[PDB]
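S.K.: Quick one: the structure is below, and I'll ask about it shortly.
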Amino acid sequence: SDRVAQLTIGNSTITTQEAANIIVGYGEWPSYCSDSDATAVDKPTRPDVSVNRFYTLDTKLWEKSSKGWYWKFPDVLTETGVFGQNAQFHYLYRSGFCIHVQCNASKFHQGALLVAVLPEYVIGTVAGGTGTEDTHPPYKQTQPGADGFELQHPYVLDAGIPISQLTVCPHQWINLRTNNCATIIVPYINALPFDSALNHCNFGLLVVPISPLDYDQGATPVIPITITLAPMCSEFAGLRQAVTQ
Amino acid sequence: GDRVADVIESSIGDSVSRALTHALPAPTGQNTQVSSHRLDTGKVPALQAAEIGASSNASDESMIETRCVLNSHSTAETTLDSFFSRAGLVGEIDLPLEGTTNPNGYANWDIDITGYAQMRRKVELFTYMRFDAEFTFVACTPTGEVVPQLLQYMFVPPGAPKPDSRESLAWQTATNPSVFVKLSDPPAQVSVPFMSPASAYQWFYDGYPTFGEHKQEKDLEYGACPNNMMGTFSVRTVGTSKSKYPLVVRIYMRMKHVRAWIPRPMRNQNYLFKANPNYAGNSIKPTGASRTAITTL
Amino acid sequence: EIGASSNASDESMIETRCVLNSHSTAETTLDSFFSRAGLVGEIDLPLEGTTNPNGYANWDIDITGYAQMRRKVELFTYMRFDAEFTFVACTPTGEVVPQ
Amino acid sequence: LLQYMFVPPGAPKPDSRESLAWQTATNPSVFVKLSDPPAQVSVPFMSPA
Amino acid sequence: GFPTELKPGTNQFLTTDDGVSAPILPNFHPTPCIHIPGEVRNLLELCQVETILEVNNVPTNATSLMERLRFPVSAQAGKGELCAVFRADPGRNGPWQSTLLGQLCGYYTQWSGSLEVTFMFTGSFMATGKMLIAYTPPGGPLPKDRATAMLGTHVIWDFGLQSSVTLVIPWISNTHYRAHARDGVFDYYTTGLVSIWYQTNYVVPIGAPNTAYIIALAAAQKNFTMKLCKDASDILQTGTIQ
Amino acid sequence: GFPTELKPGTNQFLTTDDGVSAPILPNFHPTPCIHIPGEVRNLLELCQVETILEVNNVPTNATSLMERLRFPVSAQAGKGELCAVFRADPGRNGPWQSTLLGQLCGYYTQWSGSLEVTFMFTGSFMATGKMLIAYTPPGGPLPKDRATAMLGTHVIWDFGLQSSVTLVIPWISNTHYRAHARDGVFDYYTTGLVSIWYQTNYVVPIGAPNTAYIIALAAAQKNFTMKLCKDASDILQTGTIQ
Amino acid sequence: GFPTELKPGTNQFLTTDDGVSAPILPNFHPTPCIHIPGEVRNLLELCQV
Amino acid sequence: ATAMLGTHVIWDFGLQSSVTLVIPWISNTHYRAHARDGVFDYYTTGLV
Amino acid sequence: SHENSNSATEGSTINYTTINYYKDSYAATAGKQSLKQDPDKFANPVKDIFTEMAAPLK
Amino acid sequence: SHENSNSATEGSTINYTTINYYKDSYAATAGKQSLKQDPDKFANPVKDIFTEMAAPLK
Ligand SMILES: CCO/N=C/c1ccc(OCC[C@@H](C)CCN2CCN(c3ccnc(C(N)=O)c3)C2=O)cc1
């Protein structure tokens, strides 16, 4: 009655019989931009069902040695379905997100994944190792797309900050002996009412194993982690030709 | 007009962001109520499910037998203004006589407070901040001596001409705000408003400032947010002839009327550069101290 | 040709939304624009020179010797105003002497 | 010009004239000249007792 | 005396400080103010007056400066050819510098508002034509063809008794205010591009010039405001003014 | 003029002085503030959010740092063996340094309040067990055995559907506030010790791992407050930041 | 500014002067005062013992 | 990734042994005749 | 305050809110000006005003 | 005082008690802030809140 759940939006429905409730980032549901917060004057377009639906974008394999991965929003969807097209044809974009991370195993497997959302997740480099070289991360690392990217130094989140304090952000855990999914609802987070879906990534989704995956020889060794997400209250403005970046 | 049902009953356009939580006044630490032994089935405060993502709701009252304690300890000193409204160093400007830096009697400093660790680490606890600020300017020679010298500080906002010499025409300062003061006078001090084009300044921007191909040679612009670039602070000795004294200007900032959003993990690796969170990859250190065994102090 | 500016507005050229604009117009008042002290005169009193080596000087009150201030006031033909004048003195190196 | 700084228990004590602790971002500091009148401030009752 | 204590700031001269200063002429009374036409109250009043936009800012020799005030149109081959282009950025180097709006804009760090450019056709009464004027919001590169420009905000202009048409450059920004845009990171604040294409063609009968000119007038809409006073980028003086 | 008299303090610059200073931009109006989620009002709001406590703060090589975030439990021999121990002192060098509470705690000289540590068992569903978690108030040396630990404040944890259990470290102090404790006379302010023992044993059937991990999350109770602002013990910078 | 005129005494530090001085710890709140026996209010109380 | 763009259900094995996929009536015509290879594929319902 | 009315703006169509310590009003601060505007005086000084919808020349 | 409303906190969910001598509010002191707190926004942002006595997962 808190373990079972159904998430229906658009022409897609998700089910889970081993949930752990739902998290609503910073305690507030997504919403459309009010006429007093807005600034751009053109009438926005709100596609609704064609873009506010669940998209399953990627599957990673959880291994005994995995370090963790991250994805950037809205980067992950800029080239998928109708949402992508609208993000490409419009200068302005804004929306919320419902993130559903899936990972099931057996009552004999163990391990725990920390699933968290970190706004304005700026990536840092190791500065040439000695820290005397001012290097910068490449586009494929700041905006990895749907395939995401693997963390090199999870302890410091590849940005000189302690992952041990990541729980100060909207998060959930996937502890195999307890639940097989994590659901986080995120409102639009920015210092502006609208912004570019291409140049700016509002937040990053981190999925990091804190307690290593383990099991005995003979049990299914392939344990996938699938990422499904849905935009909420998508709004677009500033129409012109399509642009990919 | 609207006639088909799905349109009439849609929530498309709801601008009211529903909030699950609300603030309550809390001027003092919560009190402790009396409690006694409880030997029940069904009731189990001690057991939690951290997976949910929420913190434990268990309290002293339900874990041990407590007494009543009227707690009048204030919560005042942990407000944002209490924490930040304390002047700290955010900039140094040298005006040497014989040097390799600013030997021409003037200097331009890009307003950027991320050059000093103490102040930087405090503001980076939050992602977005909006505030006014009080700026204090302390001048003296490199020995701390006070000399009879007149200086001119001028705030050059983006787009205004940056002085290129001690006699530059821009010092006419007909529109930009300038302060003329003596090293003998007390430190100059002024109030600065919230000047960003955005609703708040942001210590982190996971994006690029422009469109196009973001090739290797432009990656230095990743994370650069013009909304945070308030301009230049220019200083000069007032005269057509070189100063007789070497000078140093220390800049202190005191935030006030502060609002902050989105807390984040606190820096645990030394800082290296102003513009980014780069860290020395070969010196990744634990967040804190360590010990020999988990079973020994 | 009439000599008037276009009366066309956003509302009638594209489909617009409602925007409650609370951006102030305060900083563009005449006082906001002009009530900022600027340089309008320099007077030299050198010891050995060709100009005012006698320890005194007469300056004809005329603020048109400096471009920044001049260009701003010349945007208008007629102006009426009071003024605050500030006098900054020092040696040519910017030194302060007991004089 | 001098700098007085109050370093409460647990705050880093400056170990030199150029110590980083002089950034005084949180501790209270007073900058004053020997030429100025004596510096003067009010201190509250700070004991845990 | 009354116990006081000097605080930092003491003795400083802040050029924008709005204080009180002793009056030099006690009991002085100014000449009464008679009525004078054209009093202005706010610089925004002037930003709404259209001035000539130098779209054709290419000729530089003294004898050809006047040609900057107008650009040409003429009979084409019906391939939806391009007529002209320019950035909409008002406080940026380029065409807008010829306008009073662009100049006043230079005394402020940030601006916000919709813009409008009115094009007046000065060809002969017998000349007809249809042009497509488009506004491409940020992120859209200069349109390669008319079909691409047409995807943005645009107006289709038909020559006739009404000599002019107005293109509105609606305020479409991410931030509430834009700082002056320039090459580099500050291109973040660019307004976009304006392109003019032939919708049909410039047509004329026997006896009338095959080339005519268009004059562009620009100004700001009533939702336009500016903030954070600053000195203009120019200082019109080389040496001392004698 | 009005008779005044300067008093001591005159001309000094006190960094925590809350005064008035002349505004540099007269009549300036800031960009309106739109709604932004997650506004914080008091640092105490953050002290109540649990973060990972590095009980296992022993590995130091880069490749093994993540192991500090969790400690192990495994099948024993039923002699009520010891699992782990750590000081409860929140503002002291050790495990608490990994937590946001410990870090924020570093900006205040004194604190007061109850603490709570929640332990989450990440073993497999088939693993069972019962642990004794104890809190020994000041004066009690590290318990030599379980029988000694059991004499203090403790919780007996039973693994089951509820993956976690919360140990409350109730505020038991002589003084109303404690300063940060460290070796020496300031140990006067120590909070005490926390020890974890096997109440029964970690049991598992054929087919499931014989070793599993526990993750510890710590935060403060609602009676927790802090006073007397001070700079943190660390300054994250070696040379000048360029 | 407001017309003032410094009078003799200016800048002096009188040890028995009862004045106001800037507080170093804004918004600081002292540890509450519990009851303690034997509070004295006036030295004359002791002269009678 | 391509299938996911249409109407779908994500099924999680558990105590409830079954899950229901609804094939909602999405047609151009009010009625469909029986579909078969050829022009009558006009009436096809789709794929699962 | 009972001072002299010797300010440059005495009798203006816009009232000000100022501070002063002297008997001569011009010694006062700049204060705040009234936010009134009249763009038409410059942008639309036509005798017979024409609507937006209609054609200016008919 | 009749000044401008140009403070960073103008229109905040917490009222302040400040001092100022200038026409621009941001020149004012920091003052005292309102002692309101909302820990749940971060510590307990769950959709369906669960009691202390009951078992979080049922
Ligand atoms: C006589 C004239 O006297 N004039 C004085 C005067 C003094 C100070 C003034 O301006 C104060 C603006 C300050 C508060 C903004 C500091 N901020 C906000 C965001 N940000 C930032 C964010 C992310 N990254 C970086 C980065 N550098 O990588 C940097 C900042 O540094 C203006 C004028």
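A note on labels: chains of the structure tokens are A, B, ... as shown, every chain counts residues from 1, and ligands are counted from 1 in their shown order.
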Do me a favour and pick out the residues of chain A within 9 Å of chain J, using only C-alpha atoms, as JSON, numbers by chain.
M.R.: {"A": [1, 2, 3, 19, 20, 21, 22, 23, 24, 25, 26, 27, 28, 168, 169, 170]}
S.K.: Can you spit out the residues from that selection as a tab-separated table (two decimals), in the first residue's frame, using N, CA, C and O atoms?
M.R.:
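The result, stored in selection00.tsv:
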chain	number	residue	atom	x	y	z
A	1	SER	N	0.88	-1.21	0.00
A	1	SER	CA	0.00	0.00	0.00
A	1	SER	C	0.90	1.23	0.00
A	1	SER	O	0.44	2.37	0.15
A	2	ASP	N	2.19	0.99	-0.18
A	2	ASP	CA	3.21	2.03	-0.20
A	2	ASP	C	4.37	1.36	-0.94
A	2	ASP	O	5.34	2.01	-1.36
A	3	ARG	N	4.23	0.04	-1.07
A	3	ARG	CA	5.18	-0.83	-1.73
A	3	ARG	C	4.77	-0.99	-3.19
A	3	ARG	O	5.61	-1.21	-4.06
A	19	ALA	N	8.18	-0.78	-4.18
A	19	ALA	CA	8.55	0.63	-4.13
A	19	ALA	C	8.86	1.08	-2.72
A	19	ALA	O	8.72	0.32	-1.76
A	20	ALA	N	9.28	2.33	-2.60
A	20	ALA	CA	9.61	2.90	-1.31
A	20	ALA	C	9.09	4.32	-1.28
A	20	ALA	O	9.81	5.27	-0.99
A	21	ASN	N	7.82	4.47	-1.62
A	21	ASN	CA	7.20	5.77	-1.64
A	21	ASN	C	7.77	6.61	-2.77
A	21	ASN	O	8.56	6.14	-3.57
A	22	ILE	N	7.37	7.88	-2.80
A	22	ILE	CA	7.81	8.80	-3.84
A	22	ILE	C	8.34	10.09	-3.22
A	22	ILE	O	7.76	10.61	-2.26
A	23	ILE	N	9.43	10.60	-3.78
A	23	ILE	CA	10.05	11.82	-3.31
A	23	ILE	C	9.64	12.97	-4.22
A	23	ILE	O	9.61	12.82	-5.44
A	24	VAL	N	9.31	14.11	-3.62
A	24	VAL	CA	8.93	15.30	-4.38
A	24	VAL	C	9.97	16.36	-4.05
A	24	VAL	O	9.91	17.01	-3.01
A	25	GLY	N	10.92	16.52	-4.96
A	25	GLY	CA	12.00	17.48	-4.77
A	25	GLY	C	11.65	18.80	-4.12
A	25	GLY	O	10.81	19.54	-4.61
A	26	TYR	N	12.33	19.10	-3.02
A	26	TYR	CA	12.14	20.35	-2.29
A	26	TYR	C	10.68	20.60	-1.97
A	26	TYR	O	10.23	21.74	-1.88
A	27	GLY	N	9.96	19.50	-1.80
A	27	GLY	CA	8.56	19.58	-1.45
A	27	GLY	C	7.61	20.32	-2.37
A	27	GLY	O	6.59	20.81	-1.89
A	28	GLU	N	7.91	20.43	-3.65
A	28	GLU	CA	6.96	21.10	-4.53
A	28	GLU	C	6.80	20.51	-5.92
A	28	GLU	O	7.77	20.21	-6.60
A	168	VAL	N	21.67	15.47	0.77
A	168	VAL	CA	21.05	16.75	1.09
A	168	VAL	C	20.22	17.16	-0.13
A	168	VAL	O	19.54	18.18	-0.13
A	169	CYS	N	20.30	16.34	-1.17
A	169	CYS	CA	19.55	16.56	-2.41
A	169	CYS	C	18.42	15.55	-2.50
A	169	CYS	O	18.47	14.48	-1.88
A	170	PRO	N	17.38	15.86	-3.28
A	170	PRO	CA	16.28	14.91	-3.40
A	170	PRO	C	16.84	13.56	-3.83
A	170	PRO	O	17.48	13.45	-4.88
S.K.: Taking only C-alpha atoms and all ligand atoms into account, list the residues no farther than 6 Å from ligand 1, as a count of residues only.
M.R.: 20
S.K.: Show me, as a PyMOL selection string, every residue of chain A with an atom at most 8 Å from chain F, counting only C-alpha atoms.
M.R.: chain A and resi 26-28+37+107-112+154-155+162+164-168+175-178+187-193+210-211+214-216
S.K.: Can you write out as a Markdown table which residues of chain H fall within 12 Å of range 58-66 of chain A, alongside each residue's closest atom pair and its distance in Å to one decimal, counting only C-alpha atoms and ordering rows by chain and ascending residue number?
M.R.:
| residue | atom | partner | partner_atom | distance |
| --- | --- | --- | --- | --- |
| H:1 | CA | A:58 | CA | 8.1 |
| H:2 | CA | A:58 | CA | 11.9 |
| H:4 | CA | A:58 | CA | 11.2 |
S.K.: Enumerate as a list in words the residues belonging to chain J that approach chain C to within 12 Å, with only C-alpha atoms taken into account.
M.R.: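 Every residue meeting the condition is included here: residues 4, 5, 6 and 24 of chain J.
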S.K.: Can I get the selected residues back with C-alpha atoms, as an mmCIF file, in the first residue's frame?
M.R.:
data_model
loop_
_atom_site.group_PDB
_atom_site.id
_atom_site.type_symbol
_atom_site.label_atom_id
_atom_site.label_comp_id
_atom_site.auth_asym_id
_atom_site.auth_seq_id
_atom_site.Cartn_x
_atom_site.Cartn_y
_atom_site.Cartn_z
ATOM 1 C CA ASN J 4 12.798 53.280 -2.866
ATOM 2 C CA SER J 5 12.024 49.542 -2.604
ATOM 3 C CA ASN J 6 15.317 48.335 -4.079
ATOM 4 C CA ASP J 24 17.746 53.467 -1.389
#
S.K.: Residue 104 in chain A: which residues within 10 Å, counting only C-alpha atoms, same-chain residues fewer than 6 positions away excluded, as a VMD selection string?
M.R.: (chain A and resid 18 174 to 177 179 to 181 223 to 226) or (chain H and resid 12 to 13)
S.K.: Could those residues be written to a file, using N, CA, C and O atoms, as a PDB file, in the first residue's frame?
M.R.:
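As a result, part16.pdb now contains:
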ATOM      1  N   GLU A  18       7.498  -3.297  -5.560  1.00  0.00           N
ATOM      2  CA  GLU A  18       8.483  -3.145  -4.496  1.00  0.00           C
ATOM      3  C   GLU A  18       9.045  -1.735  -4.492  1.00  0.00           C
ATOM      4  O   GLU A  18      10.220  -1.522  -4.762  1.00  0.00           O
ATOM      5  N   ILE A 174      18.142   2.332  -3.628  1.00  0.00           N
ATOM      6  CA  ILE A 174      17.596   1.081  -4.102  1.00  0.00           C
ATOM      7  C   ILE A 174      18.434   0.061  -3.338  1.00  0.00           C
ATOM      8  O   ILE A 174      19.589  -0.186  -3.680  1.00  0.00           O
ATOM      9  N   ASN A 175      17.866  -0.465  -2.257  1.00  0.00           N
ATOM     10  CA  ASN A 175      18.523  -1.471  -1.424  1.00  0.00           C
ATOM     11  C   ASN A 175      17.832  -2.748  -1.893  1.00  0.00           C
ATOM     12  O   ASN A 175      16.647  -2.954  -1.625  1.00  0.00           O
ATOM     13  N   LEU A 176      18.569  -3.599  -2.601  1.00  0.00           N
ATOM     14  CA  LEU A 176      17.978  -4.803  -3.154  1.00  0.00           C
ATOM     15  C   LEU A 176      17.091  -5.628  -2.233  1.00  0.00           C
ATOM     16  O   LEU A 176      16.110  -6.200  -2.691  1.00  0.00           O
ATOM     17  N   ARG A 177      17.401  -5.685  -0.944  1.00  0.00           N
ATOM     18  CA  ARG A 177      16.582  -6.478  -0.024  1.00  0.00           C
ATOM     19  C   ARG A 177      15.274  -5.781   0.310  1.00  0.00           C
ATOM     20  O   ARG A 177      14.411  -6.365   0.968  1.00  0.00           O
ATOM     21  N   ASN A 179      13.661  -2.612  -1.973  1.00  0.00           N
ATOM     22  CA  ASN A 179      12.920  -2.112  -3.119  1.00  0.00           C
ATOM     23  C   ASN A 179      13.664  -2.333  -4.434  1.00  0.00           C
ATOM     24  O   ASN A 179      14.871  -2.560  -4.442  1.00  0.00           O
ATOM     25  N   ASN A 180      12.943  -2.264  -5.546  1.00  0.00           N
ATOM     26  CA  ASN A 180      13.567  -2.454  -6.841  1.00  0.00           C
ATOM     27  C   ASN A 180      13.452  -1.230  -7.727  1.00  0.00           C
ATOM     28  O   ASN A 180      13.580  -1.330  -8.943  1.00  0.00           O
ATOM     29  N   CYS A 181      13.204  -0.070  -7.131  1.00  0.00           N
ATOM     30  CA  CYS A 181      13.089   1.154  -7.923  1.00  0.00           C
ATOM     31  C   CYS A 181      13.151   2.399  -7.070  1.00  0.00           C
ATOM     32  O   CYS A 181      13.025   2.337  -5.851  1.00  0.00           O
ATOM     33  N   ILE A 223      22.762  -7.870 -13.794  1.00  0.00           N
ATOM     34  CA  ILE A 223      21.802  -7.060 -13.048  1.00  0.00           C
ATOM     35  C   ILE A 223      21.718  -5.658 -13.632  1.00  0.00           C
ATOM     36  O   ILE A 223      22.491  -4.778 -13.257  1.00  0.00           O
ATOM     37  N   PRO A 224      20.772  -5.429 -14.558  1.00  0.00           N
ATOM     38  CA  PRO A 224      20.584  -4.125 -15.206  1.00  0.00           C
ATOM     39  C   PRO A 224      19.996  -3.028 -14.325  1.00  0.00           C
ATOM     40  O   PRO A 224      19.318  -3.283 -13.339  1.00  0.00           O
ATOM     41  N   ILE A 225      20.275  -1.796 -14.714  1.00  0.00           N
ATOM     42  CA  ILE A 225      19.761  -0.619 -14.039  1.00  0.00           C
ATOM     43  C   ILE A 225      19.178   0.180 -15.196  1.00  0.00           C
ATOM     44  O   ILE A 225      19.916   0.640 -16.063  1.00  0.00           O
ATOM     45  N   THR A 226      17.858   0.313 -15.237  1.00  0.00           N
ATOM     46  CA  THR A 226      17.227   1.048 -16.324  1.00  0.00           C
ATOM     47  C   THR A 226      16.680   2.402 -15.896  1.00  0.00           C
ATOM     48  O   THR A 226      16.090   2.548 -14.822  1.00  0.00           O
TER      49      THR A 226
ATOM     50  N   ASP H  12       6.227  -5.252 -13.666  1.00  0.00           N
ATOM     51  CA  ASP H  12       7.123  -5.674 -12.595  1.00  0.00           C
ATOM     52  C   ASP H  12       6.596  -6.951 -11.943  1.00  0.00           C
ATOM     53  O   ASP H  12       5.518  -6.952 -11.350  1.00  0.00           O
ATOM     54  N   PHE H  13       7.358  -8.036 -12.071  1.00  0.00           N
ATOM     55  CA  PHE H  13       6.985  -9.320 -11.479  1.00  0.00           C
ATOM     56  C   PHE H  13       6.896  -9.168  -9.964  1.00  0.00           C
ATOM     57  O   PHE H  13       7.723  -8.494  -9.356  1.00  0.00           O
TER      58      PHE H  13
END
S.K.: Check the DSSP output for the backbone and give back, as an MDAnalysis selection string, the residues of range 76-141 of chain F in helix (DSSP H, G or I).
M.R.: chainID F and resid 95:98 100:105
S.K.: If we count only C-alpha atoms and set the cut-off at 10 Å, which residues sit around residue 1 in chain D, ignoring sequence neighbours fewer than 6 positions away in its own chain? Please answer as a PDB file with C-alpha atoms, in the first residue's frame.
M.R.:
ATOM      1  CA  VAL B 138      41.511  48.956   3.104  1.00  0.00           C
ATOM      2  CA  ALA B 139      44.624  50.623   1.658  1.00  0.00           C
ATOM      3  CA  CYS B 140      48.217  50.955   2.864  1.00  0.00           C
ATOM      4  CA  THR B 141      51.804  50.223   1.804  1.00  0.00           C
ATOM      5  CA  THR B 143      54.391  47.156   5.393  1.00  0.00           C
ATOM      6  CA  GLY B 144      51.026  48.422   6.577  1.00  0.00           C
ATOM      7  CA  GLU B 145      52.203  52.006   6.675  1.00  0.00           C
ATOM      8  CA  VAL B 146      49.771  54.842   6.097  1.00  0.00           C
TER       9      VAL B 146
ATOM     10  CA  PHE D  31      41.256  47.015  11.425  1.00  0.00           C
ATOM     11  CA  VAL D  32      42.520  50.232  12.970  1.00  0.00           C
ATOM     12  CA  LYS D  33      45.433  52.699  12.893  1.00  0.00           C
ATOM     13  CA  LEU D  34      47.666  53.599  15.846  1.00  0.00           C
ATOM     14  CA  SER D  35      46.821  57.144  14.799  1.00  0.00           C
ATOM     15  CA  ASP D  36      43.070  56.533  15.314  1.00  0.00           C
TER      16      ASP D  36
END
S.K.: Counting only C-alpha atoms, collect the residues of chain B whose closest atom lies at most 12 Å from chain D, and write them out as a ChimeraX atom specification.
M.R.: /B:73,81-92,113,115-123,136-147,183-187,250-255
S.K.: Could you please determine the separation between CA of residue 26 in chain G and CA of residue 43 in chain D in Å, to one decimal place?
M.R.: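 Atom-to-atom, CA of residue 26 in chain G to CA of residue 43 in chain D, that is 10.2 Å.
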S.K.: Any idea what's packed within 12 Å of range 2-9 of chain B, counting only C-alpha atoms, ignoring anything in its chain fewer than 5 positions away? Could you give it as a PyMOL selection string?
M.R.: (chain A and resi 48-49) or (chain B and resi 14)
S.K.: In Å, rounded to a single decimal, give me how far CA of residue 15 in chain I is from CA of residue 227 in chain E.
M.R.: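 Computed distance, CA of residue 227 in chain E to CA of residue 15 in chain I, equals 22.6 Å.
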